[PDB]
Amino acid sequence: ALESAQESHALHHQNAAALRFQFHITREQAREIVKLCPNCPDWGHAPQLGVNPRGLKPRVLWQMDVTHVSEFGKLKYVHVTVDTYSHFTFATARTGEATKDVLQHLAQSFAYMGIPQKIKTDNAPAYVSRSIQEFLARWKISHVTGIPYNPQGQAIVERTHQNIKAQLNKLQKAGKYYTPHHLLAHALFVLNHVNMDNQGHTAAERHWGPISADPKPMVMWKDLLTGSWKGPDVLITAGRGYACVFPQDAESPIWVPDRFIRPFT
Amino acid sequence: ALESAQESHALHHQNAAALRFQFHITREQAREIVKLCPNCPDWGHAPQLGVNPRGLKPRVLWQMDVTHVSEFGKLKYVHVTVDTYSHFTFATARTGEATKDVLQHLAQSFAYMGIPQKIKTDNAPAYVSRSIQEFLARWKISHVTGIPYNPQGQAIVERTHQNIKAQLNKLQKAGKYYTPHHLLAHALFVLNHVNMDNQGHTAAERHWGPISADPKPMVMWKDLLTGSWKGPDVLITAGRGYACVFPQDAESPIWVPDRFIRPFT
Amino acid sequence: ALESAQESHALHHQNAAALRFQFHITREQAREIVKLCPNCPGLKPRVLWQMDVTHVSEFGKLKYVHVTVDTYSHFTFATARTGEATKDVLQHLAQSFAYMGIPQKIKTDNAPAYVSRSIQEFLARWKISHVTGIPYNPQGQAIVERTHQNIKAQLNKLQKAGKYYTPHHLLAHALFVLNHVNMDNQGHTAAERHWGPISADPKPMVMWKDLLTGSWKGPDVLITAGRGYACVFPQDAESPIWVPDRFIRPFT
Amino acid sequence: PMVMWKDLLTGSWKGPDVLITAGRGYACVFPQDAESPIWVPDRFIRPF
Amino acid sequence: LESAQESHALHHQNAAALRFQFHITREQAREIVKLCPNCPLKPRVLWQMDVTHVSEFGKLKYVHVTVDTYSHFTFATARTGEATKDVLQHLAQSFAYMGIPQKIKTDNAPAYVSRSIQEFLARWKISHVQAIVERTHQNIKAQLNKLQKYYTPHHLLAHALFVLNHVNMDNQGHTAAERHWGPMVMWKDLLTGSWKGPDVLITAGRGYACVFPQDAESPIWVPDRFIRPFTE
DNA sequence: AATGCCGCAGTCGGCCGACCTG
DNA sequence: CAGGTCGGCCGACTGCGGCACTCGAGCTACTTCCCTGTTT
DNA sequence: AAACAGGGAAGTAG
DNA sequence: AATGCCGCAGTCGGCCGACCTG
DNA sequence: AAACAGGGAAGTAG
Ligand SMILES: [Ca+2]
Ligand SMILES: [Ca+2]
Ligand SMILES: [Zn+2]
Ligand SMILES: [Zn+2]
Ligand SMILES: [Zn+2]
Ligand SMILES: [Zn+2]
């Protein structure tokens, strides 16, 4: 029966349900038959698997990338630096873009936020030169290059690019500004000190306030590296699509998506 | 208080939560304040609202569109005709594409399926010429042009294009075929008579079998044209994202998405 | 540890208090490190600011430096501009608002740029009261001159490394040092005083014992506890550190 | 058609007034103010 | 098409009027009007009433203007003065021409606030209390210029009023007469992707809507997914 | 005239039959 | 031995993502290596 | 006569 | 080194206070 | 001398 199903799939490349109904076999057998076929396409529609790390304290981990605001003209090279924890964002509109402009943006961001402990970026040539790496090593700031052609590694800063572009569009339609610097400063002011969240906390006071939380809950945890539901473990932070469990034996907290977190009672 | 909130939003274009927390107003007031702002962007992320009509009987409503299979060379102009009810699909690989090729494809599809009663397509120039319209009127087949630049109107045939392209890729990787016609015929054979659904029914016997169903359930229904939950009404057909209620007073069945259907007991 | 403090002072020139609070150095050692360098000799925040325009000879063309000083927490912001015109003052106001936020009253001088209709209309639009302070009593003027002197001293200190591409970069570096590095005697940076988390101690803050060095390092904030283990979060650490309750000492 | 529309900018159920059209969950209510019609979500619409 | 040219030679209506009357291209009507040397809530609710000065009529330079605020139906007559008697006769003929209005908004003219006017409105049961009427004045003088051999200024003004009311055309194909005796939504341009608006919604239902922007000759049908209210 | 979808695949869960047990 | 328990299995369901007539050209910015003018 | 310093080319990421 | 997201907005639902009633 | 039949141009959808 199984050999007949394999031969039929090799001949026609049927569906799993077709084999299951025609050859009177279990659904799992038909699914594995269609999976083992070399000619069958790979499953592109993969569910949520990876989640980018975040800092559990303000000024720990930042992401950074550039964008293009063509309305600025020569100042289209907008630089964006985001704190992953509190979503505190800083932006500069600098003409051109090179090691000099990146260093200037880093200095102004440090003046605006403070010392970070790890800075993640994309794999752009500007963030690879020995000039910027030497500067970061001198200032004792770890740098993570990230996987090339993978914006999901800098998903946080990309979403902040969306927010910043929306705010700039809103304020540009609102009125007139002398220079792109003035408009960008107003947009940053709104986004940081005015654009309050749903818990009554501005981004500025999240980036610069005390860390407080209720007794963290205990949740069943699926370790993807071992494939077993092991727990319970303390859930440090959680949200939409991300979770941060901290097992007692673990050296560092583990970032897993929401699908792998199950409440425990 | 309300005037102060309006002035503040006009000055800064804040968030609804920001106004709600700072000015001590209800959430609905802040939401409408941010909505009424002319400069605020329109809501692009709109939920599922429209659903394309489907036939309640085989050979009633068809959709049709062309695609591009570059692996065929001169025969890349593949024509696809789909019955909306049973998802019965027919395809032809014809060199070039014009009124002559469309008429030939229509004749071969009629030989393959039979007489349809309404044929929906896109707004291509080929389906607009008086030649094809005269042919359809002579054969007593209603034609619906559809909204331009709106593939969602032919979503069914587009998804069938996806399925057909996947099947052609599978069979091309499986072995060798003399002509694109042979490969297309094999793919159509598999998709129609072999690619069985999860209910143990091939597409061919769905397109050519008796219509049977259990006593149709009664469901609360939200009429978008009047904005009131009116019911109960008989639910003729339902699935993923579509529903077809038939009220007693309605002249024709109404197609609404799943979000507007509520079970009734 | 002392050599790390020396390198930190060589990079950023701060006072001994910041070094001793960040690297656990003793008073005389930090002061001696500070002396070693060749060139080192309101009631509520965001309520009452103050502004003034000073001149610095080093910049040359951008000698006009506008400084915004919070009266309570002394959170200092500076900007280098080509002129003292109304447009430049307005841009500096917008950038100061971006840096800090919305104050209640912004004291200024009697310069025509401040008294101009554009600046006053802008300030009234943002619901920000403007006090001209036409009596030239040197109290607010004294404090703003003190801040100007601090900015000039910081610029002179940071001028050791002639690698600053633009005056904006150097001014940003100096502002960063003065705000987020230089600490007071009680152990709080300018940002901490300015943003007001120093009101009480609503969280359990517990002393911690380290195992790598075998020395009681802390005290630090407690995240959670259970099953004989405590999750303490060191200030300088990347991630929380699990610590057995045998090595945990409550701190008041 | 007379409907009860909630002026959710103030929270008062002003009315009655004619209804022009509907859709998207919104009812295009036309009050005595002939300056411009307004749209209100159907959750805040009560037929009279 | 040929008859449209002589119709414009006679009345000098708009290109929309010509095209709707004679089934011609918008480009054809625009070319005709360019080539023309002389062409370079609910009704009866709220009115605006004003007098204008038109020196070309000589002794009859005082023309009182009354326009409906919804249908823009326009009525005007020329008299020797702007006195209380003249305003009263204007109100009588305005009633005769347009029916019963609910509220009338006027300027602060002494005749308009005259007691006899107050008891006039009190007996005819109409309450008493501005850019639209000014634009109406401009339209009236433009049509009077375009109409330039007539017998009397009354005859000329009758011709102008007839053209403006029953010939002159808006986009929707309904004259001022139909509007007097008979919703804005955001829409996303499905081709370019840019959001457009505000535009009037003609007809909607079951996943699609009909939107007719003032700058387009033909209505635009867009999917319901790209429709947002304006709510001014 | 005039409107998203549906297959691939992982997953939840209840039903039925074999196995453990007081 | 009949009731509670656990394993197999299929119904129902949801995450997801490309179908849209098709694809490339281009600029900035950095590092690394070879050709060639210049050196000792 | 092999080596050093522009200049160009090539490769890679955005 | 080396990993999707989060704001806009519509919606479900429970809690608390004013109103109807046996 | 205005009209009829290619040919080209222009516009629109895919
Ligand atoms: Ca990048
Ligand atoms: Ca098509
Ligand atoms: Zn296969
Ligand atoms: Zn707004
Ligand atoms: Zn020093
Ligand atoms: Zn004319």
# chains A, B, ... in the order shown; residues from 1 in each chain; ligands from 1
>>> residues_around(residues="residue 263 of chain B", least_positions_apart="2", cutoff="12 Å", atoms="only C-alpha atoms (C1' of nucleotides)", output="short mmCIF file (atom, residue, chain, number, x, y, z; two decimals) with C-alpha atoms, in the first residue's frame")
data_model
loop_
_atom_site.label_atom_id
_atom_site.label_comp_id
_atom_site.auth_asym_id
_atom_site.auth_seq_id
_atom_site.Cartn_x
_atom_site.Cartn_y
_atom_site.Cartn_z
CA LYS B 216 -28.52 25.27 6.25
CA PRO B 217 -27.93 27.05 9.58
CA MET B 218 -29.47 30.33 10.72
CA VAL B 219 -27.00 33.12 11.50
CA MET B 220 -27.17 36.73 12.62
CA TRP B 221 -26.38 39.00 9.68
CA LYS B 222 -24.99 42.54 9.58
CA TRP B 229 -27.67 43.29 12.74
CA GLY B 231 -31.73 38.16 11.10
CA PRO B 232 -31.93 35.30 11.30
CA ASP B 233 -31.30 34.36 7.66
CA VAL B 234 -30.45 31.15 5.84
CA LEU B 235 -26.71 30.77 5.19
CA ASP B 258 -17.04 36.04 7.68
CA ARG B 259 -16.64 38.93 10.14
CA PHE B 260 -20.27 39.95 9.52
CA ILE B 261 -21.69 36.47 10.27
CA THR B 265 -29.18 29.78 18.73
#
>>> interface_residues(of="chain A", to="chain B", cutoff="6 Å", atoms="only C-alpha atoms", output="list in words")
residues 14, 15, 17, 18, 39, 40, 170, 173, 195, 196 and 198 of chain A
>>> residues_around(residues="residue 1 of chain D", least_positions_apart="5", cutoff="10 Å", atoms="only C-alpha atoms (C1' of nucleotides)", output="ChimeraX atom specification")
/D:16-20,47-48
>>> select_by_dssp(residues="segment 106-240 of chain C", states="strand (DSSP E or B)", output="number ranges by chain")
C: 106-107, 129-131, 183, 189, 198, 200, 205-208, 220-226, 229-233
>>> residues_around(residues="residue 5 of chain I", least_positions_apart="6", cutoff="10 Å", atoms="only C-alpha atoms (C1' of nucleotides)", output="NGL selection string")
:A and (51-52 or 152 or 154-160 or 240-242)
>>> interface_residues(of="chain F", to="chain B", cutoff="10 Å", atoms="only C-alpha atoms (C1' of nucleotides)", output="PDB file with C-alpha atoms (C1' of nucleotides), in the first residue's frame")
ATOM      1  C1'  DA F   1     -20.542  45.921 -14.573  1.00  0.00           C
ATOM      2  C1'  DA F   2     -17.768  47.457 -10.982  1.00  0.00           C
ATOM      3  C1'  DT F   3     -16.323  43.432  -3.971  1.00  0.00           C
ATOM      4  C1'  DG F   4      -9.445  38.175  -1.603  1.00  0.00           C
ATOM      5  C1'  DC F   5      -8.072  33.835  -1.729  1.00  0.00           C
ATOM      6  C1'  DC F   6      -6.952  29.163  -0.732  1.00  0.00           C
ATOM      7  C1'  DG F   7      -3.398  25.552  -0.651  1.00  0.00           C
TER       8       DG F   7
END
>>> residues_around(residues="segment 154-170 of chain E", least_positions_apart="2", cutoff="8 Å", atoms="only C-alpha atoms (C1' of nucleotides)", output="list in words")
residues 11, 13, 14, 16, 17, 73, 74, 75, 76, 77, 78, 140, 143, 144, 147, 150, 151, 152, 172, 173, 174, 175, 176 and 177 of chain E
>>> select_by_dssp(residues="segment 58-203 of chain B", states="alpha helix (DSSP H)", output="PyMOL selection string")
chain B and resi 99-112+130-138+155-174+180-189+203
>>> write_last_selection(atoms="C-alpha atoms", output="PDB file, in the first residue's frame")
ATOM      1  CA  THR B  99      -9.256  38.157 -29.924  1.00  0.00           C
ATOM      2  CA  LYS B 100      -8.535  35.065 -32.027  1.00  0.00           C
ATOM      3  CA  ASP B 101      -6.641  33.332 -29.215  1.00  0.00           C
ATOM      4  CA  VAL B 102      -9.256  34.315 -26.634  1.00  0.00           C
ATOM      5  CA  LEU B 103     -12.049  32.942 -28.838  1.00  0.00           C
ATOM      6  CA  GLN B 104     -10.140  29.693 -29.366  1.00  0.00           C
ATOM      7  CA  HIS B 105      -9.556  29.372 -25.616  1.00  0.00           C
ATOM      8  CA  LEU B 106     -13.244  30.037 -24.930  1.00  0.00           C
ATOM      9  CA  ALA B 107     -14.288  27.354 -27.421  1.00  0.00           C
ATOM     10  CA  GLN B 108     -11.873  24.792 -25.972  1.00  0.00           C
ATOM     11  CA  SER B 109     -12.973  25.626 -22.419  1.00  0.00           C
ATOM     12  CA  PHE B 110     -16.615  25.192 -23.423  1.00  0.00           C
ATOM     13  CA  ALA B 111     -15.677  21.825 -24.916  1.00  0.00           C
ATOM     14  CA  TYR B 112     -13.931  21.021 -21.626  1.00  0.00           C
ATOM     15  CA  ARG B 130     -16.912  44.016 -30.163  1.00  0.00           C
ATOM     16  CA  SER B 131     -15.769  40.652 -31.533  1.00  0.00           C
ATOM     17  CA  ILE B 132     -15.694  38.883 -28.162  1.00  0.00           C
ATOM     18  CA  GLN B 133     -18.736  40.763 -26.851  1.00  0.00           C
ATOM     19  CA  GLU B 134     -20.673  39.819 -29.990  1.00  0.00           C
ATOM     20  CA  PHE B 135     -19.588  36.192 -29.587  1.00  0.00           C
ATOM     21  CA  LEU B 136     -20.698  36.119 -25.943  1.00  0.00           C
ATOM     22  CA  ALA B 137     -24.022  37.812 -26.718  1.00  0.00           C
ATOM     23  CA  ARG B 138     -24.628  35.340 -29.552  1.00  0.00           C
ATOM     24  CA  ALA B 155      -8.864  36.730  -6.896  1.00  0.00           C
ATOM     25  CA  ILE B 156     -10.209  33.242  -7.643  1.00  0.00           C
ATOM     26  CA  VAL B 157      -8.474  32.970 -11.011  1.00  0.00           C
ATOM     27  CA  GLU B 158      -5.319  34.513  -9.537  1.00  0.00           C
ATOM     28  CA  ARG B 159      -5.170  31.848  -6.826  1.00  0.00           C
ATOM     29  CA  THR B 160      -5.781  29.257  -9.533  1.00  0.00           C
ATOM     30  CA  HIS B 161      -2.837  30.791 -11.411  1.00  0.00           C
ATOM     31  CA  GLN B 162      -0.749  30.156  -8.301  1.00  0.00           C
ATOM     32  CA  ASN B 163      -1.936  26.543  -8.119  1.00  0.00           C
ATOM     33  CA  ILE B 164      -1.381  25.932 -11.841  1.00  0.00           C
ATOM     34  CA  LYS B 165       2.113  27.433 -11.774  1.00  0.00           C
ATOM     35  CA  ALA B 166       3.006  25.276  -8.767  1.00  0.00           C
ATOM     36  CA  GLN B 167       1.697  22.141 -10.490  1.00  0.00           C
ATOM     37  CA  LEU B 168       3.587  22.938 -13.699  1.00  0.00           C
ATOM     38  CA  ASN B 169       6.785  23.461 -11.703  1.00  0.00           C
ATOM     39  CA  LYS B 170       6.259  20.127  -9.932  1.00  0.00           C
ATOM     40  CA  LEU B 171       5.604  18.179 -13.132  1.00  0.00           C
ATOM     41  CA  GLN B 172       8.449  19.895 -15.009  1.00  0.00           C
ATOM     42  CA  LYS B 173      10.862  18.908 -12.247  1.00  0.00           C
ATOM     43  CA  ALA B 174       9.323  15.414 -12.258  1.00  0.00           C
ATOM     44  CA  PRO B 180       4.126  22.570 -23.375  1.00  0.00           C
ATOM     45  CA  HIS B 181       0.697  21.264 -24.390  1.00  0.00           C
ATOM     46  CA  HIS B 182       1.535  17.809 -23.010  1.00  0.00           C
ATOM     47  CA  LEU B 183       2.808  19.203 -19.701  1.00  0.00           C
ATOM     48  CA  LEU B 184      -0.209  21.498 -19.358  1.00  0.00           C
ATOM     49  CA  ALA B 185      -2.592  18.626 -20.119  1.00  0.00           C
ATOM     50  CA  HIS B 186      -0.937  16.451 -17.471  1.00  0.00           C
ATOM     51  CA  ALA B 187      -1.081  19.269 -14.911  1.00  0.00           C
ATOM     52  CA  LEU B 188      -4.754  19.919 -15.672  1.00  0.00           C
ATOM     53  CA  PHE B 189      -5.501  16.198 -15.383  1.00  0.00           C
ATOM     54  CA  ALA B 203     -12.882  18.909  -8.596  1.00  0.00           C
TER      55      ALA B 203
END
>>> residues_around(residues="residue 241 of chain C", least_positions_apart="6", cutoff="12 Å", atoms="only C-alpha atoms (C1' of nucleotides)", output="ChimeraX atom specification")
/A:246-253 /C:208-212,220-225,229-235
>>> closest_atom_pairs(of="chain E", to="chain D", cutoff="10 Å", atoms="only C-alpha atoms", output="CSV")
residue,atom,partner,partner_atom,distance
E:41,CA,D:34,CA,4.1
E:42,CA,D:34,CA,7.6
E:45,CA,D:34,CA,8.8
E:46,CA,D:34,CA,8.7
E:69,CA,D:34,CA,9.2
E:70,CA,D:34,CA,8.2
E:183,CA,D:37,CA,6.0
E:184,CA,D:37,CA,7.9
E:185,CA,D:39,CA,9.5
E:201,CA,D:21,CA,9.6
E:203,CA,D:21,CA,8.9
E:204,CA,D:23,CA,7.8
E:205,CA,D:23,CA,7.3
E:206,CA,D:23,CA,8.9
E:207,CA,D:24,CA,9.2
E:209,CA,D:23,CA,9.6
E:224,CA,D:24,CA,7.8
E:225,CA,D:24,CA,8.8
E:227,CA,D:24,CA,8.3
E:228,CA,D:24,CA,8.5
E:229,CA,D:39,CA,6.5
E:230,CA,D:38,CA,7.7
E:231,CA,D:38,CA,4.6
E:232,CA,D:36,CA,6.3
